[PDB]
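Residues per chain, in single letters:
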Amino acid sequence: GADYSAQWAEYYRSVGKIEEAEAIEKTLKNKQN
């Protein structure tokens, strides 16, 4: 699997941005393509 906007979305999980991370976390979704 690719997984890119997840590594970045991981930081938000600890930078009190776990919520905003959902956004940048949606970019990691690399299953369809």
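Readers searching the PDB will find this entry under the title "P-Element Somatic Inhibitor Protein".

Engineer: I'd like a rundown of the packing of aromatic side chains, residues and numbers included.
Structural biologist: Considering all chains together, one arrives at 2 aromatic pairs under this definition. Centroid distance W8 to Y12: 5.9 Å. Interplanar angle 25°. Geometry classified as stacked. With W8 and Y12 both in helix α1 (residues 7-12) and 4 residues apart, the pair spans about one turn of that helix. Look at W8 and you get exposed, because its relative accessible area is 51%. Linked through ring pairs, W8, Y11 and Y12 together constitute an aromatic cluster.

Criteria and cut-off values
Residues numbered from 1 in each chain as written, not as in the entry; some residues may be left out. Heavy atoms only, no water. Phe/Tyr/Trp six-rings, centres within 6.5 Å; stacked < 30°, edge-to-face > 60°. Helix = DSSP H or I, 4+ residues; strand = E, 2+ residues; numbered from the N terminus. Buried < 20%, exposed > 50% of the residue type's maximum accessible area, 1.4 Å probe, protein only.

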